[PDB]
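Below you'll find the structure, written out as structure tokens, and then a few comments.
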Amino acid sequence: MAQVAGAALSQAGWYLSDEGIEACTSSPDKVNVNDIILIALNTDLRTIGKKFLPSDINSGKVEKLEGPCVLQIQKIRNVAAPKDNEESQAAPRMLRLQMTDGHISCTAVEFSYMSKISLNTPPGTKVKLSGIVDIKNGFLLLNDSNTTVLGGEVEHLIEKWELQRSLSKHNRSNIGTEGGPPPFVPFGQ
Amino acid sequence: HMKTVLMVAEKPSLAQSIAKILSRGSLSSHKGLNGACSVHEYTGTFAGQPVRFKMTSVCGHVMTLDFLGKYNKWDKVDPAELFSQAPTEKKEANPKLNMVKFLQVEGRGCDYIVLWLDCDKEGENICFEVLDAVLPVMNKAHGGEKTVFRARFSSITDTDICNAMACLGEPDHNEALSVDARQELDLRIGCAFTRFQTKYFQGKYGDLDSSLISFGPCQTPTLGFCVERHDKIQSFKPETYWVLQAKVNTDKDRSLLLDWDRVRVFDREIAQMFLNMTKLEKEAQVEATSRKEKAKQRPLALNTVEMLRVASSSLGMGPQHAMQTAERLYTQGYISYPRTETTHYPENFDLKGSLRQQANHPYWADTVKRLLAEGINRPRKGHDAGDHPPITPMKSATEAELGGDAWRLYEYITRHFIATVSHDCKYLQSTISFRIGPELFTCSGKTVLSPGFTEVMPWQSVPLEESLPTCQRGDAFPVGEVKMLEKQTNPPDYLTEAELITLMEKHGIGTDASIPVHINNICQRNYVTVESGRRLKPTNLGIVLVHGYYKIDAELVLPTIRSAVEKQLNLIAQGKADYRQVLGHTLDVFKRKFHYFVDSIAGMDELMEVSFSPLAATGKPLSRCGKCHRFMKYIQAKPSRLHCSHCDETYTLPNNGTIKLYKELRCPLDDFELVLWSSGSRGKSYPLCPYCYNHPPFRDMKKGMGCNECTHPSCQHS
Ligand SMILES: [Mn+2]
Ligand SMILES: [Zn+2]
Ligand SMILES: [Zn+2]
Ligand SMILES: [Zn+2]
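From first to last, the protein sequence lines are chains B and A.
Sequential numbering of the first sequence, starting at 1, is according to PDB author numbering.
Sequential numbering of the second sequence, starting at 0, is according to PDB author numbering.
As structure tokens, this is what we get:
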């Protein structure tokens, strides 16, 4: 029952730990893999899960990530653009995806145009890698042929990601403040 | 008996030229009592009667606005009652000319007046000033018959002055009132602020001259762009990026230098893995070849903005100098009026005649002859603001009859005209894409098939490059070497005159060709220096002034209030606005802002003490800047400060205590290094961000309170 449900979960590709399944449950007499998927998508990957990523992927001694492995996005940075613009269209945008299993953090590079993943992707978004994915000199190579975005909505680290909005703080103009300069009302007719 | 008609021009040379054109040679002339203007007489026909003519000229503006005198003394006055309490009067505008008396004695007996002033908005002000000067001394007439006339024209040329005479109209009091409103607004706001600052800073600091401080509704906004460029230059953070370069051998000696599609990579490890993908490979496979025809469009008709931009960038002439040379060229009759914002030729224009005029100059001779032989191409459609036609040639000129910069400007204007009436430049763009390993590089080249306008404008010609090898798809080429580079991003350069022209045109500040006036004003007042390449480098005084203005009230620097005011002046011009209403509104808002400026001038006094006083700018180094990553000096004056020498800004710190560094930690919002505040007696000390204590990041927290109530989800110290 629960054990075969977890086995089907692993076959589908969500390598979770028995503690994780027991934490993500339903009425404790029958649980369905769809329910586990739905609960897990809303759950941060660090809280639950197991270790399937080898602890050598950043070393560079591996070149293969066989298996339908699900990971979580932690940070997105445009490496084709500098830290002051992040939007200059002088080079095709290429994304340095920081991905995690909750145990070991790996890095991937967008080797093509991945329309599903953008700079506005919320951290905690789950990405499934299928078929064969190639590691080289550290980073993974990701494209549309093996990466699928499985939604993702986890409130605590989306609220943490709201530090992106906090970063855009051009409000430091001292205009309209209570103890500030008088404002310029627009002209009438 | 024969009656008389009077004419007024803006310059004596224009008066003489128009009198010669209209009088068909027969023209008596004698000097006036002023010693600088001459009056010309002849006989012709007006309305339906044979009448005598009397044409004279003014010397630019005839009346200039100022105060009543008692309010003009800056030493003994309250420089806050100049807004809506101090009367204004147009006094004499160079009384050495005695223009009012000259006009009165000239029009002592007259029945008609026609005004040949420049057809710009500023010209109507002079038109109505001359009308005010001459109306009481003319004949009252029998009643109802039109007396005042207005001549509309764009070039001082034959049959153009004639058609200007054939369709006489009336002056525009709306344009006159717009000009008067602009003059009053400047003369009030700028003089009030300048007088207050001059009275405040006077002998206070050794290295600061009182008279060098000035404020203006346009000078400060146009200096804001230069100081903003300076701030970006001084607060630049260089970053290293890597570019892969591939060299391939075509047949035996030619080496194509391919460039990467990804252009740049800002990660050293990513660049290293991309090179590892490539350096072992010894072949390149061509994928796509494209030879597509493209056309480079002709330039639009020349307006004053583009003329000034080109005269600055290419001809090396300032905006005011270019404007004066263009006005002189118009005065002699070589070009049209160079105060035009229209880039579309009217349908009833003699383009073919203008081309036929310049059919003998050796430089552009074959091109003009072939254009006349074949069909004339229609100019590109553009903006049709309804002003004069674009700046176009009207008479043949040679370097011998012209001079230096004037001849250069005429040459550019004629070349632009020929380019406008011409054909597009056609070139084929050959692009070859190569695959090396998993990466794909490219190479591009341009081959000119038929030079069109890029024969009268050689500087716009498509650069010549050797043709790319003819390689079909699926061909293998040897690669010599592939290597990454360690390029670093470069800081922006200082704002050029052309870029300033573009910015002022975009933001709306500067209309009716007042941008050269503003630029020349901020250049004469030592706020910007014209360094090589026509670059406006802000000076210390200008940087400090604009930084203080930004600290006190941002709208005093940002180009918003001036843009709105100029828009309302334009609506004044187009008969839909109230002059009194707009003047009162602007005066009231600027009066409130001036009261706030007086009540909060302490912010500006601080940046001036640390900048223009050598005996009060020495302090111990302290926490880094947040824009410079440079040490900030901690001054021990009564208003304890924190001054950065790189970027001329100061930050206020609490008094009655001590300031100490807080373990090198850094604020996660402004990058500044936060310092602690020991409040005298033995007790708790709270962290304090130097930039947040002066500029709060959140609306709720006011100026001058530390991270105790920072009201920030981040900044753990809060
Ligand atoms: Mn004029
Ligand atoms: Zn600084
Ligand atoms: Zn801060
Ligand atoms: Zn804080």
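Each residue gets a CB set at the ideal place from its N, CA and C atoms; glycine is no exception.
Asked	Found
Anticipated Cβ contact below 8 Å, A:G705 with A:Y690, distance rounded	Rounded, the Cβ-Cβ distance is 12 Å, inconsistent with contact.
As assigned by DSSP and simplified to three states, the class of A:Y692	helix
Test: B:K126 CB closer than 8 Å to a CB of chain A	no
The stretch 281-295 of chain A in contact with the stretch 473-487 of chain A per 3-pair CB rule at 8 Å	yes
CA nearest to the CA of A:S644, picked from A:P613, A:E465, A:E169, A:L484	A:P613
Cβ of A:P220 within 8 Å of any chain B Cβ	no
A:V104 classed as buried or exposed, judged by whether at least 16 other C-beta atoms fall within 10 angstroms	exposed
Rounded Cβ spacing between B:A108 and B:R93 (contact assumed at less than 8 Å)	With a Cβ gap of about 15 Å, B:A108 and B:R93 do not count as contacting.
Residues with C-beta closer than 6 Å to any heavy atom of ligand 2, in chain order	A:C624, A:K626, A:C627, A:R629, A:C643, A:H645, A:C646
CA nearest to the CA of A:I500, picked from A:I269, A:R308, A:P170, A:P216	A:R308
Neighbour flag for B:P123 against chain A, beta carbons, 8 Å	no
Buried or exposed by the 16-neighbour rule on C-beta atoms within 10 Å, applied to A:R290	exposed
Cutoff 8 Å: A:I125 Cβ touching any chain B Cβ	no
Residue of A:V76, A:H39, A:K19, A:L211 minimising C-alpha distance to A:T158	A:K19
Rounded straight-line distance, which links the Cα of B:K128 to that of B:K64	15 Å
Residue from A:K145, A:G385, A:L328, A:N654 whose Cα sits closest to the Cα of A:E400	A:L328
Straight-line Cα distance separating B:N58 from A:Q271	14 Å
A:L257 - partner residues in DSSP beta bridges	A:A245
Buried/exposed call for A:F82, threshold 16 Cβ in 10 Å	buried
Closer than 7 Å to ligand 1: residues, by C-beta to nearest heavy atom, in chain order	A:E9, A:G59, A:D117, A:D119, A:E121, A:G122
Cβ contact check for the stretch 551-563 of chain A and the stretch 217-226 of chain A: 3 or more pairs under 8 Å	yes
Buried/exposed call for A:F214, threshold 16 Cβ in 10 Å	buried
Any non-hydrogen atom of ligand 5 closer than 7 Å to A:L427 Cβ	Ligands displayed in this structure: ligand 1, ligand 2, ligand 3 and ligand 4; ligand 5 is not among them.
Length of the line joining the Cα atoms of A:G59 and A:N124	11 Å
Beta-carbon proximity of A:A300 to A:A310, cut-off 8 Å	no
Beta-carbon gap between A:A8 and A:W115 smaller than 8 Å	yes
Spatial distance of A:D266 from A:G205 (CA atoms)	51 Å
Candidates A:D260, A:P345, A:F66, of which the one nearest A:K380 by Cα	A:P345
Any chain B beta carbon closer than 8 Å to A:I500	no
Nearest candidate by alpha-carbon position, reference A:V461, set A:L606, A:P468, A:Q567, A:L448	A:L448
Closer than 7 Å: A:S717 CB and nearest ligand 4 heavy atom	yes
Candidates B:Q11, B:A2, B:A12: closest to B:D18 by CA position	B:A2
Beta-carbon neighbours of B:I175, restricted to chain A and to distances below 8 Å	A553, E554
Proximal chain B residues relative to A:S713, where beta-carbon distance stays under 7 Å	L163, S166
Which of helix, strand or coil DSSP assigns to A:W458	helix
B:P186 versus A:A563: straight-line alpha-carbon distance, rounded	8 Å
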